[PDB]
Amino acid sequence: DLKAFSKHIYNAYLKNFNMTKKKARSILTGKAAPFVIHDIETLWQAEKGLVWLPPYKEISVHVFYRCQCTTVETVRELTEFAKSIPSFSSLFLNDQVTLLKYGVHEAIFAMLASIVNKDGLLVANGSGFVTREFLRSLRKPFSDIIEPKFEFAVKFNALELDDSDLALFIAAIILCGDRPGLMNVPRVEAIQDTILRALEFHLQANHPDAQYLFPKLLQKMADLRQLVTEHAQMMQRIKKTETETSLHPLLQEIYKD
Ligand SMILES: CCO[C@H](COc1ccc(C(F)(F)F)cc1)CSc1ccc(OCC(=O)O)c(C)c1
């Protein structure tokens, strides 16, 4: 009943996300190799065929838009993921939307670490590997909202979670009971309570030697809330100073507050 729960969440995660941390760690290590993107030339080569939108303006903004395309696809998967949780789908549709609105970016940044290492991150289903040196090389606004994700991603991967753990972690992130405008708060805190109790139970079997892992994850959850807050501010500034830069409508609604 409680392991049936974690098993169900683990299947929805497997079923709804094309890139898992298992696949990702296979590619980064070398089981099988992706095409390295580290400057204008290699990005263009990847943009043709090889690896793979508004009109191309500059490099820093071109990456920005690719970030948005990736964000939009993950938001699609996370929506199907949340819906595959029967308890979730039983909330009223407007509560479902409030949960996703304030949850996806936290979840997205949590899952980013699965496809990241100290040197770069996988893109397009793992066919390419954008380097961190390149992303530091971008213009001053756009190179700022990427580096913190690495800093978080490296400290998150230090915990050595696997996909079975992450499925519950993400589910816990989405079913947050203190999201602004939630209609039926107690029902959401109840589901969240089941998820965390399932997560803590699962961490015992899967990580028998992990000292203080569950409380640490809960700390990572709060750290993600802060990363998203800081990420959102840079985005708003980008909206203000980069008046010629676009924002995909779906992302406009999420941040609309
Ligand atoms: C969700 C994955 O997207 C990023 C990965 O970074 C990439 C870097 C380079 C490239 C490519 F080289 F292919 F252009 C793609 C993604 C993670 S960081 C991020 C995430 C979202 C972003 O804006 C959209 C939003 O806030 O909803 C921005 C500006 C950055």
# chains A, B, ... in the order shown; residues from 1 in each chain; ligands from 1

call {"tool": "closest_atom_pairs", "arguments": {"of": "chain A", "to": "ligand 1", "cutoff": "7 Å", "atoms": "only C-alpha atoms and all ligand atoms", "output": "CSV"}}
result
residue,atom,partner,partner_atom_place_in_ligand_line,distance
A:37,CA,ligand 1,12 (F),6.6
A:43,CA,ligand 1,12 (F),6.6
A:62,CA,ligand 1,14 (F),6.6
A:63,CA,ligand 1,14 (F),3.9
A:64,CA,ligand 1,29 (C),5.1
A:66,CA,ligand 1,14 (F),4.7
A:67,CA,ligand 1,3 (O),4.0
A:68,CA,ligand 1,24 (C),4.4
A:70,CA,ligand 1,1 (C),4.8
A:71,CA,ligand 1,1 (C),4.2
A:74,CA,ligand 1,1 (C),7.0
A:105,CA,ligand 1,27 (O),6.9
A:108,CA,ligand 1,1 (C),6.3
A:112,CA,ligand 1,17 (C),6.7
A:123,CA,ligand 1,13 (F),5.9
A:130,CA,ligand 1,12 (F),5.4
A:135,CA,ligand 1,8 (C),6.8
A:145,CA,ligand 1,30 (C),6.0
A:146,CA,ligand 1,18 (S),5.1
A:149,CA,ligand 1,18 (S),6.3
A:231,CA,ligand 1,26 (O),7.0
A:232,CA,ligand 1,26 (O),6.7
A:235,CA,ligand 1,26 (O),6.4
A:251,CA,ligand 1,27 (O),5.1

call {"tool": "residues_around", "arguments": {"residues": "residue A:155", "least_positions_apart": "5", "cutoff": "10 Å", "atoms": "only C-alpha atoms", "output": "list in words"}}
result
residues 113, 150, 160 and 220 of chain A

call {"tool": "residues_around", "arguments": {"residues": "residue A:207", "least_positions_apart": "3", "cutoff": "12 Å", "atoms": "only C-alpha atoms", "output": "PDB file with N, CA and C atoms, in the first residue's frame"}}
result
ATOM      1  N   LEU A 159      24.290  14.012  -3.339  1.00  0.00           N
ATOM      2  CA  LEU A 159      23.459  13.084  -2.583  1.00  0.00           C
ATOM      3  C   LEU A 159      23.270  11.757  -3.307  1.00  0.00           C
ATOM      4  N   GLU A 160      23.584  11.691  -4.596  1.00  0.00           N
ATOM      5  CA  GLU A 160      23.608  10.423  -5.316  1.00  0.00           C
ATOM      6  C   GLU A 160      22.233   9.767  -5.343  1.00  0.00           C
ATOM      7  N   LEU A 161      21.192  10.578  -5.490  1.00  0.00           N
ATOM      8  CA  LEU A 161      19.864  10.022  -5.675  1.00  0.00           C
ATOM      9  C   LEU A 161      19.781   9.296  -7.009  1.00  0.00           C
ATOM     10  N   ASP A 162      18.827   8.382  -7.100  1.00  0.00           N
ATOM     11  CA  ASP A 162      18.541   7.670  -8.334  1.00  0.00           C
ATOM     12  C   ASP A 162      17.136   8.044  -8.807  1.00  0.00           C
ATOM     13  N   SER A 164      14.367   6.292  -8.827  1.00  0.00           N
ATOM     14  CA  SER A 164      13.292   5.904  -7.922  1.00  0.00           C
ATOM     15  C   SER A 164      13.117   6.938  -6.821  1.00  0.00           C
ATOM     16  N   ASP A 165      14.224   7.508  -6.342  1.00  0.00           N
ATOM     17  CA  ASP A 165      14.133   8.579  -5.360  1.00  0.00           C
ATOM     18  C   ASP A 165      13.523   9.825  -5.983  1.00  0.00           C
ATOM     19  N   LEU A 199       8.364   8.739   0.533  1.00  0.00           N
ATOM     20  CA  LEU A 199       9.744   9.040   0.189  1.00  0.00           C
ATOM     21  C   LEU A 199      10.689   8.622   1.303  1.00  0.00           C
ATOM     22  N   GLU A 200      10.340   8.956   2.544  1.00  0.00           N
ATOM     23  CA  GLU A 200      11.169   8.578   3.684  1.00  0.00           C
ATOM     24  C   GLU A 200      11.259   7.061   3.819  1.00  0.00           C
ATOM     25  N   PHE A 201      10.131   6.362   3.642  1.00  0.00           N
ATOM     26  CA  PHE A 201      10.144   4.902   3.624  1.00  0.00           C
ATOM     27  C   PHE A 201      11.061   4.372   2.533  1.00  0.00           C
ATOM     28  N   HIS A 202      10.959   4.933   1.325  1.00  0.00           N
ATOM     29  CA  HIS A 202      11.763   4.446   0.212  1.00  0.00           C
ATOM     30  C   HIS A 202      13.244   4.723   0.434  1.00  0.00           C
ATOM     31  N   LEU A 203      13.578   5.853   1.057  1.00  0.00           N
ATOM     32  CA  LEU A 203      14.986   6.150   1.284  1.00  0.00           C
ATOM     33  C   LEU A 203      15.622   5.160   2.250  1.00  0.00           C
ATOM     34  N   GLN A 204      14.818   4.530   3.115  1.00  0.00           N
ATOM     35  CA  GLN A 204      15.353   3.538   4.040  1.00  0.00           C
ATOM     36  C   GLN A 204      15.810   2.291   3.297  1.00  0.00           C
ATOM     37  N   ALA A 210      22.474   5.948   4.288  1.00  0.00           N
ATOM     38  CA  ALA A 210      22.362   7.393   4.113  1.00  0.00           C
ATOM     39  C   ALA A 210      21.975   8.042   5.436  1.00  0.00           C
ATOM     40  N   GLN A 211      22.914   8.764   6.038  1.00  0.00           N
ATOM     41  CA  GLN A 211      22.654   9.464   7.289  1.00  0.00           C
ATOM     42  C   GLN A 211      21.950  10.784   6.994  1.00  0.00           C
ATOM     43  N   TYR A 212      20.784  10.989   7.606  1.00  0.00           N
ATOM     44  CA  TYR A 212      20.075  12.266   7.530  1.00  0.00           C
ATOM     45  C   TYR A 212      19.665  12.623   6.097  1.00  0.00           C
ATOM     46  N   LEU A 213      19.501  11.621   5.224  1.00  0.00           N
ATOM     47  CA  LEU A 213      19.184  11.916   3.829  1.00  0.00           C
ATOM     48  C   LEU A 213      17.820  12.589   3.704  1.00  0.00           C
ATOM     49  N   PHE A 214      16.789  12.012   4.323  1.00  0.00           N
ATOM     50  CA  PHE A 214      15.454  12.592   4.192  1.00  0.00           C
ATOM     51  C   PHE A 214      15.397  14.041   4.653  1.00  0.00           C
TER      52      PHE A 214
END

call {"tool": "residues_around", "arguments": {"residues": "residue A:136", "least_positions_apart": "4", "cutoff": "10 Å", "atoms": "only C-alpha atoms", "output": "number ranges by chain"}}
result
A: 131-132, 140, 142-147

call {"tool": "write_last_selection", "arguments": {"atoms": "C-alpha atoms", "output": "PDB file, in the first residue's frame"}}
result
ATOM      1  CA  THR A 131      29.755  23.135 -22.040  1.00  0.00           C
ATOM      2  CA  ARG A 132      29.746  25.317 -18.956  1.00  0.00           C
ATOM      3  CA  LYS A 140      26.209  39.518 -18.811  1.00  0.00           C
ATOM      4  CA  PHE A 142      22.167  35.644 -19.902  1.00  0.00           C
ATOM      5  CA  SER A 143      25.322  34.125 -18.421  1.00  0.00           C
ATOM      6  CA  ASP A 144      23.983  34.894 -14.920  1.00  0.00           C
ATOM      7  CA  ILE A 145      20.787  32.795 -14.854  1.00  0.00           C
ATOM      8  CA  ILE A 146      22.623  29.611 -15.882  1.00  0.00           C
ATOM      9  CA  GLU A 147      25.620  29.426 -13.546  1.00  0.00           C
TER      10      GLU A 147
END

call {"tool": "residues_around", "arguments": {"residues": "residue A:77", "least_positions_apart": "6", "cutoff": "10 Å", "atoms": "only C-alpha atoms", "output": "number ranges by chain"}}
result
A: 13, 15-18, 83, 104

call {"tool": "closest_residue", "arguments": {"among": "A:98, A:233, A:20, A:241", "to": "residue A:125", "atoms": "only C-alpha atoms"}}
result
A:20

call {"tool": "atom_distance", "arguments": {"atom1": "atom CA of residue A:21", "atom2": "atom CA of residue A:73"}}
result
16.9 Å

call {"tool": "residues_around", "arguments": {"residues": "residue A:49", "least_positions_apart": "2", "cutoff": "12 Å", "atoms": "only C-alpha atoms", "output": "MDAnalysis selection string"}}
result
chainID A and resid 35 42:47 51:52 124 127:128

call {"tool": "closest_residue", "arguments": {"among": "A:215, A:19, A:65, A:221", "to": "residue A:53", "atoms": "only C-alpha atoms"}}
result
A:65

call {"tool": "select_by_dssp", "arguments": {"residues": "stretch 50-177 of chain A", "states": "helix (DSSP H, G or I)", "output": "VMD selection string"}}
result
chain A and resid 59 to 83 86 to 89 93 to 115 124 to 126 132 to 136 147 to 157 163 to 174

call {"tool": "write_last_selection", "arguments": {"atoms": "C-alpha atoms", "output": "PDB file, in the first residue's frame"}}
result
ATOM      1  CA  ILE A  59      24.202  34.095 -29.524  1.00  0.00           C
ATOM      2  CA  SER A  60      23.250  35.003 -25.958  1.00  0.00           C
ATOM      3  CA  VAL A  61      19.587  35.414 -26.924  1.00  0.00           C
ATOM      4  CA  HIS A  62      19.610  32.328 -29.122  1.00  0.00           C
ATOM      5  CA  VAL A  63      20.587  30.174 -26.143  1.00  0.00           C
ATOM      6  CA  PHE A  64      17.979  31.989 -24.029  1.00  0.00           C
ATOM      7  CA  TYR A  65      15.278  30.868 -26.483  1.00  0.00           C
ATOM      8  CA  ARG A  66      16.529  27.285 -26.519  1.00  0.00           C
ATOM      9  CA  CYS A  67      16.302  27.316 -22.731  1.00  0.00           C
ATOM     10  CA  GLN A  68      12.665  28.308 -23.173  1.00  0.00           C
ATOM     11  CA  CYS A  69      11.952  25.485 -25.615  1.00  0.00           C
ATOM     12  CA  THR A  70      13.476  22.988 -23.188  1.00  0.00           C
ATOM     13  CA  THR A  71      11.538  24.531 -20.293  1.00  0.00           C
ATOM     14  CA  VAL A  72       8.284  24.284 -22.244  1.00  0.00           C
ATOM     15  CA  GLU A  73       8.810  20.619 -23.067  1.00  0.00           C
ATOM     16  CA  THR A  74       9.573  19.739 -19.439  1.00  0.00           C
ATOM     17  CA  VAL A  75       6.460  21.630 -18.325  1.00  0.00           C
ATOM     18  CA  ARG A  76       4.477  19.398 -20.701  1.00  0.00           C
ATOM     19  CA  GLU A  77       6.006  16.229 -19.236  1.00  0.00           C
ATOM     20  CA  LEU A  78       5.555  17.435 -15.635  1.00  0.00           C
ATOM     21  CA  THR A  79       1.885  18.112 -16.346  1.00  0.00           C
ATOM     22  CA  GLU A  80       1.314  14.590 -17.664  1.00  0.00           C
ATOM     23  CA  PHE A  81       3.366  13.300 -14.730  1.00  0.00           C
ATOM     24  CA  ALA A  82       1.207  15.091 -12.153  1.00  0.00           C
ATOM     25  CA  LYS A  83      -1.978  13.937 -13.899  1.00  0.00           C
ATOM     26  CA  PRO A  86      -4.650   9.760  -9.330  1.00  0.00           C
ATOM     27  CA  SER A  87      -4.863  11.722  -6.068  1.00  0.00           C
ATOM     28  CA  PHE A  88      -3.577  14.761  -7.965  1.00  0.00           C
ATOM     29  CA  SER A  89      -6.071  14.464 -10.812  1.00  0.00           C
ATOM     30  CA  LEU A  93      -8.693  21.744 -12.266  1.00  0.00           C
ATOM     31  CA  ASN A  94      -7.868  25.246 -10.989  1.00  0.00           C
ATOM     32  CA  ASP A  95      -5.995  23.775  -8.034  1.00  0.00           C
ATOM     33  CA  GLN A  96      -4.104  21.480 -10.389  1.00  0.00           C
ATOM     34  CA  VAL A  97      -3.027  24.533 -12.375  1.00  0.00           C
ATOM     35  CA  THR A  98      -1.977  26.463  -9.263  1.00  0.00           C
ATOM     36  CA  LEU A  99       0.206  23.547  -8.185  1.00  0.00           C
ATOM     37  CA  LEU A 100       1.957  23.334 -11.560  1.00  0.00           C
ATOM     38  CA  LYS A 101       2.302  27.117 -11.889  1.00  0.00           C
ATOM     39  CA  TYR A 102       4.367  27.351  -8.686  1.00  0.00           C
ATOM     40  CA  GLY A 103       5.950  23.893  -8.884  1.00  0.00           C
ATOM     41  CA  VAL A 104       7.396  23.304 -12.358  1.00  0.00           C
ATOM     42  CA  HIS A 105      10.450  25.547 -12.107  1.00  0.00           C
ATOM     43  CA  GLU A 106      11.425  23.999  -8.779  1.00  0.00           C
ATOM     44  CA  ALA A 107      10.952  20.531 -10.266  1.00  0.00           C
ATOM     45  CA  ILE A 108      12.752  21.510 -13.475  1.00  0.00           C
ATOM     46  CA  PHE A 109      15.828  22.725 -11.623  1.00  0.00           C
ATOM     47  CA  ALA A 110      15.757  19.549  -9.492  1.00  0.00           C
ATOM     48  CA  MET A 111      15.751  17.357 -12.607  1.00  0.00           C
ATOM     49  CA  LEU A 112      18.375  19.505 -14.338  1.00  0.00           C
ATOM     50  CA  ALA A 113      20.991  17.967 -12.053  1.00  0.00           C
ATOM     51  CA  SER A 114      20.277  14.568 -13.600  1.00  0.00           C
ATOM     52  CA  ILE A 115      21.668  15.790 -16.939  1.00  0.00           C
ATOM     53  CA  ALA A 124      18.280  17.325 -27.096  1.00  0.00           C
ATOM     54  CA  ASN A 125      17.737  13.846 -25.602  1.00  0.00           C
ATOM     55  CA  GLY A 126      21.439  13.586 -24.831  1.00  0.00           C
ATOM     56  CA  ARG A 132      29.746  25.317 -18.956  1.00  0.00           C
ATOM     57  CA  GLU A 133      32.653  27.386 -20.298  1.00  0.00           C
ATOM     58  CA  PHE A 134      30.509  28.346 -23.278  1.00  0.00           C
ATOM     59  CA  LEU A 135      27.540  29.329 -21.087  1.00  0.00           C
ATOM     60  CA  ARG A 136      29.802  31.506 -18.920  1.00  0.00           C
ATOM     61  CA  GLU A 147      25.620  29.426 -13.546  1.00  0.00           C
ATOM     62  CA  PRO A 148      23.578  29.111 -10.299  1.00  0.00           C
ATOM     63  CA  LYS A 149      21.837  26.051 -11.745  1.00  0.00           C
ATOM     64  CA  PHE A 150      25.220  24.325 -11.942  1.00  0.00           C
ATOM     65  CA  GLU A 151      26.176  25.343  -8.409  1.00  0.00           C
ATOM     66  CA  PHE A 152      22.931  23.783  -7.185  1.00  0.00           C
ATOM     67  CA  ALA A 153      23.135  20.794  -9.545  1.00  0.00           C
ATOM     68  CA  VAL A 154      26.576  19.740  -8.318  1.00  0.00           C
ATOM     69  CA  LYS A 155      25.600  19.899  -4.623  1.00  0.00           C
ATOM     70  CA  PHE A 156      22.370  18.040  -5.383  1.00  0.00           C
ATOM     71  CA  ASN A 157      24.153  15.224  -7.216  1.00  0.00           C
ATOM     72  CA  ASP A 163      15.402   7.770 -10.475  1.00  0.00           C
ATOM     73  CA  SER A 164      13.292   5.904  -7.922  1.00  0.00           C
ATOM     74  CA  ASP A 165      14.133   8.579  -5.360  1.00  0.00           C
ATOM     75  CA  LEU A 166      13.603  11.471  -7.779  1.00  0.00           C
ATOM     76  CA  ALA A 167      10.108  10.364  -8.782  1.00  0.00           C
ATOM     77  CA  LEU A 168       8.947  10.872  -5.195  1.00  0.00           C
ATOM     78  CA  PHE A 169      10.985  14.059  -4.682  1.00  0.00           C
ATOM     79  CA  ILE A 170       9.429  15.711  -7.744  1.00  0.00           C
ATOM     80  CA  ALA A 171       5.964  14.519  -6.750  1.00  0.00           C
ATOM     81  CA  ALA A 172       6.514  16.135  -3.337  1.00  0.00           C
ATOM     82  CA  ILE A 173       7.602  19.404  -4.977  1.00  0.00           C
ATOM     83  CA  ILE A 174       4.470  19.651  -7.096  1.00  0.00           C
TER      84      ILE A 174
END

call {"tool": "residues_around", "arguments": {"residues": "residue A:193", "least_positions_apart": "2", "cutoff": "12 Å", "atoms": "only C-alpha atoms", "output": "list in words"}}
result
residues 2, 168, 171, 172, 173, 175, 176, 177, 186, 187, 188, 189, 190, 191, 195, 196, 197, 198, 199 and 200 of chain A

call {"tool": "closest_residue", "arguments": {"among": "A:118, A:22, A:85, A:252", "to": "residue A:239", "atoms": "only C-alpha atoms"}}
result
A:252

call {"tool": "select_by_dssp", "arguments": {"residues": "stretch 72-248 of chain A", "states": "strand (DSSP E)", "output": "MDAnalysis selection string"}}
result
chainID A and resid 116:117 120:123 128:131
